[PDB]
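Colleague: Let me begin by handing over the structure; questions about it come next.
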Amino acid sequence: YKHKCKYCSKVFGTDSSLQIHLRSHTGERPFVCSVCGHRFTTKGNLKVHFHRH
Amino acid sequence: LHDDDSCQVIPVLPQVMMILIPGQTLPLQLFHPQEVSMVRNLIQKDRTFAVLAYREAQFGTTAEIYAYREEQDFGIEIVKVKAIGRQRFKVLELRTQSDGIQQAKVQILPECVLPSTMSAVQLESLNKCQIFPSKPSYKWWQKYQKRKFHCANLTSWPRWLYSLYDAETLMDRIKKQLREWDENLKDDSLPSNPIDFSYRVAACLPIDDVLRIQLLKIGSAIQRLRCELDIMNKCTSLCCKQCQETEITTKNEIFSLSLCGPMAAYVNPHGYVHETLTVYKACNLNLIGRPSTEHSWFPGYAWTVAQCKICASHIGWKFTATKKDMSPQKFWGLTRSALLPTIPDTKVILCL
Amino acid sequence: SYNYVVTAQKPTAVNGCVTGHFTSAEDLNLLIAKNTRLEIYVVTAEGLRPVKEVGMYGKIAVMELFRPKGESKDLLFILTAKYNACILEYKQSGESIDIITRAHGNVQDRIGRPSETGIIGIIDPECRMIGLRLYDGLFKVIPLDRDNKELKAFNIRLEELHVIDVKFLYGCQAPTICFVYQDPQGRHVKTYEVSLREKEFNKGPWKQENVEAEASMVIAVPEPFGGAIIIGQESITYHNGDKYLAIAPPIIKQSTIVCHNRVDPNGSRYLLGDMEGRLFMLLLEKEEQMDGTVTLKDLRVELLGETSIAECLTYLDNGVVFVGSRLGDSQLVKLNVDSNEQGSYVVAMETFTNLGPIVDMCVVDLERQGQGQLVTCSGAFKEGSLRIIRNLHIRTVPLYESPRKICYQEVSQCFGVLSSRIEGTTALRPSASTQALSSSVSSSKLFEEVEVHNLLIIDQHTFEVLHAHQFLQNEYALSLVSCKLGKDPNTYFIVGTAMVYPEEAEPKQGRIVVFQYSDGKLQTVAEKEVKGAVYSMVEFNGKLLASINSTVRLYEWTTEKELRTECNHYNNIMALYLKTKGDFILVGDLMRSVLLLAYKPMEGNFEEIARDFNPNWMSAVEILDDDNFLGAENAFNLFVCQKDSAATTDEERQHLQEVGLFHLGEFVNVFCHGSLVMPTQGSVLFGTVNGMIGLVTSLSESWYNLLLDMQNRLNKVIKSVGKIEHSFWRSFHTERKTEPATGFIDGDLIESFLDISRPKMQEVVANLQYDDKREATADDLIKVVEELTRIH
Ligand SMILES: O=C1CC[C@H](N2Cc3c(OCc4ccc(CN5CCOCC5)cc4)cccc3C2=O)C(=O)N1
Ligand SMILES: [Zn+2]
Ligand SMILES: [Zn+2]
Ligand SMILES: [Zn+2]
């Protein structure tokens, strides 16, 4: 479904519910791999490591 | 329960990439409506869907749903479902339908039930002595081999050969090394049926995917036992599946922190299952980040992402202790999909 | 492939012996079961006189005589291993002797697990039912009323699923069965009453819990006393209601009693045979009371003497007993009132040669006349012997130990025989190894009952053991080969061994020893250590092929008289069977995995040509030609597979297609190319466990289609004992499968064409087609079967 958090890949029902959670990823490495817990600097870096699973 | 060699059209989950052993538990967590409604309709029917064996699949196993839970959190309906493998099969035709799901025309394979080797050579005057008093030792086995295989003097092979094909003797030899990986289980826990026993060890060994397929396609259960025992005796070193040659850990490091054996299936905060093998020492691993206790599969321990030193692929997590009164204060949790059983060099080949 | 199998020698082992009045009420008969055959003799004062021998389309599993009320003579019930039930009556009209079938059926249930203690078949003393124990937890009852001609039956659930032995009790009000069973608590004896009207089980008169740990036999005592005698390893006990007696004689502890027979119709005397040939007499000492009753006072066991390792015992008359043996020769023995000079009351009368079990054989041209002679390793333990079979004239060379492998070395005019003897350890008896003219023991340093293996050098003329070479301690000799190697002009004896230790399951070390017999001793011309068991060896064009566990390896003979590894080929199956033809190499394991390897002479390595994995217990294998391969598998079946003729894909060429399936009815232990004689191509002899020697020859497609037609036509004019059909008998059989036969022709049924009436010979040749395409006159087919009777 849509309304998916770009950092942890959790899907929410409404875009409203997306934003209220978006500021739990406070930090320099907010992108987390939903498979192993690897944290990354940018979204593209998380994508490359994700597609190596 | 389908008939042997019969045909069935069984639905398939398009996001289930896994080799399923009969009897092995398959944990699922579905978000999509087509996947969710398909689970519910199986419950009010046969609860049987197909888990294909790999994207070209040739064999596979049917899965029966034995658990179902519903969570309506964050406006998204979460459906978690546990299944158990049942019957092996060979795929005849794969046909994708309207939604993301697909149907599979499928032929059920039969579980080859073979009699004893001496079922044909035993003399009827000694048939009355074929039942032995049950096991109360290593001299009891020297009598079991002598008594059960006495009629080998009527064939061209000795008794010690028929033991290597004796189902009951091979399970005990596998039980020995399995207990070295777990200080619990005891003589029970593992099933007594050789067919059920072989499928449990198939799902218990830390073996890669192409080795799991070979155990599925092995016909007789006696052959499945010999090949399994061959893997434990020869493949003593576990290397990184990616770079093939980087040895992560060996066989003597395996132990059981969780009572459910040295390799239980755990779920991560996003539904991904991880058949995690717990070992004491590990090699050629880089720690990523600092320890964390969030969603730890072992209470009292903190996990840290561990990656291969050479190929930089994910191998598992290192678990350190958050308390002093806990032993071991450190251990490694290596996921299965990252390891590759390797025969250390001196050409050794797995034998059926 | 189109193949043709004919019996060259009928099974010789004895698996059953009952006495009674089958031919006439006055006559005393002895009925002997030889696997697929049934011999009927009339017991005379002189000895035994043959009356009629018939064959069956099944392996006789239970053979018992009985006489229901209102019947002239005794009737014969026979059940085959394929569950063909039949009641048979003897009938003679002057000289036409025929075994008529009074009733027949198939008692096989689709469900049920075949019991661990085998098929048991018992009959009520008053003949009102037939009790069968085929599956665990079930008991099939066949009412013995003369309206059950199809042998309809019903089952009764058995809460005791591990039954050891069961018998019908004598002198009981209702039909009572008495059996011994085992459960987690121990071994117990329990009795049930059968109601042929309620079709269920009623409470039995008595039961005794905690019987002997290894109680194995139930002997029903006749109505003078009733009850049952339970015999195990340590005890002989008598039970009846609340009457108990028990003895533990030290004279029956060295072995286990495995067979019994009643001597007097009152159950006062019993004969007991053990696993080693001993013969005991179980006497029930009775005490005569004053009110007309006779009580049972004590049980007494005395050792009578030694016979052949007895599978079945039966007392005849005038102290004459028939000892039916599977391992060795069956015999008629005479018992005396007084012991002889060595304390034995048993003296031999007649001996019937038993070729089984044939564990190895070889075709030899002894008299150079191109005739062909079969020399086999037969017997087990003290019954071991060599048998020289001719055209059949059988010579017997006893060895008093177990012979395993044989090979003939013509240059030495001698036979090389592998053997094992059962034993600081001392021999139990003088054996061929202990009585050799010269004796050597091996030295290497490279590496209760115990096995001692020896290579015996046996003269081709006198058959005296010239030399006995004792192998290493804990060494198990597996292979033996006689061949010339490389450039060496000497012919050698090659032996492949394995180091077996009760602690290690799989062998990790073995030897390949090169022997030479030049003067009167054996010289060890170098050896080679291998890291596994040398299961098989074959000469491969001046080189030595060998199996080491899962490894096939080609060895070369250097000028230093040593073995040097040339090339290896590692298999994923245990290289157990090894047969070669030219540069082709056939490999097989115990689980019917067939592997074809080709040695590439220009590359100096092996190549895998084809493969076929069908999990089943294989016992022997052999190469028919460069494409077709024959083997033996469970249960008592034969099979042929071939390299696929459709040479389209590389995939398809690596698959061996199954082309022949056949229920031989015998357990083949060895295949051997050769013939006993001076149309068809190929000649493969095979020896079996029951002592049967058979032929395997390949037919053209033109003949095969003809003999298959004559098969279905000769099966319509031949009466089968029990009304069993050849199609059912010859169909590939295992507990999981039932599939008709293919690619095989039963020569025995074809040869029965020369022995049928001419009015019936025309019945089968009518509407026949012979591709010489005209019709087949009755005389064209005696010509084809006359030529097919010449292969053996
Ligand atoms: O033993 C082990 C080894 C490591 C393994 N972990 C931890 C982990 C994460 O760990 C950080 C984290 C954990 C839990 C959360 C909670 N959320 C849930 C989703 O919605 C938002 C809130 C968030 C972040 C984050 C992503 C993946 C994994 C992963 O596979 C594991 O589970 N147990
Ligand atoms: Zn998020
Ligand atoms: Zn990751
Ligand atoms: Zn790596």
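The residue numbers of chain B are those assigned by Swiss-Prot, with the residues present covering 72-125, 131-212, 220-429, 437-442 sequentially.
Method on record in the header is X-ray crystallography, 3.0 Å.
Using the three backbone atoms N, Cα and C, a Cβ is placed for every residue, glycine included.
Sharing the features that Swiss-Prot gives for it:
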DOMAIN    B:318-426  domain 'CULT'
BINDING   B:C323, B:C326, B:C391, B:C394  Zn(2+) binding site
BINDING   B:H378, B:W380, B:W386  (S)-thalidomide binding site
Colleague: Spatially, and counting Cα to Cα, which of the binding-site residues is closest to B:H378 ((S)-thalidomide binding site)? Options: B:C326, B:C391, B:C394.
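Modeller: Nearest in space to B:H378 ((S)-thalidomide binding site), counting only the binding-site residues, is B:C391.
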Colleague: Give the three-state DSSP assignment (helix, strand or coil) for B:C326 (Zn(2+) binding site).
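Modeller: It is coil.
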Colleague: What is the separation, in Å, between the Cα atoms of B:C323 (Zn(2+) binding site) and B:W386 ((S)-thalidomide binding site)?
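Modeller: If we compare the Cα positions of B:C323 (Zn(2+) binding site) and B:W386 ((S)-thalidomide binding site), the gap is 20 Å.
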Colleague: Check each of the binding-site residues B:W386, B:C391, B:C394 and report back the ones whose Cβ is under 8 Å from some Cβ of chain A.
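Modeller: It is B:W386, listed by sequence.
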Colleague: Could you tell me how far apart, in whole Å, the Cα atoms of B:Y125 and B:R131 are, given that 5 residues between them are missing from the model?
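Modeller: Across the gap, the Cα atoms of B:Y125 and B:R131 sit 6 Å apart.
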Colleague: Using a 6 Å cut-off on Cβ distance, which of the binding-site residues B:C326, B:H378, B:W380, B:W386, B:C391, B:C394 come close to any atom of ligand 1?
Modeller: B:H378, B:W380, B:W386
Colleague: Neighbourhood of the Zn(2+) site (B:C323, B:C326, B:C391, B:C394): other residues with Cβ within 8 Å of the Cβ centroid, in order?
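Modeller: Along the chain, the qualifying residues are B:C322, B:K324, B:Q325, B:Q327, B:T329, B:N367, B:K392, B:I393, B:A395, B:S396, B:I398.
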Colleague: When neighbour density is defined as the number of other C-beta atoms within 10 angstroms of a residue's C-beta, which of the binding-site residues B:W380, B:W386 has the lowest density?
Modeller: B:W380
Colleague: Are any of the binding-site residues B:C323, B:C326, B:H378, B:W386 near ligand 4, with a Cβ under 6 Å from it, and if so which?
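Modeller: Among B:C323, B:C326, B:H378, B:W386, near ligand 4: B:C323, B:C326.
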Colleague: Across the 7 residues that the deposited model omits, what is the distance in Å between the Cα of B:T429 and that of B:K437?
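Modeller: So the endpoints of the gap, B:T429 and B:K437, lie 9 Å apart at their Cα atoms.
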Colleague: Just need one number: Cα of B:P212 to Cα of B:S220, in Å, whole number, across 7 unmodelled residues.
Modeller: 8
Colleague: Would you identify the secondary structure of B:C394 (Zn(2+) binding site) according to DSSP, in three states?
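Modeller: Reduced to three states, the DSSP call for B:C394 (Zn(2+) binding site) is coil.
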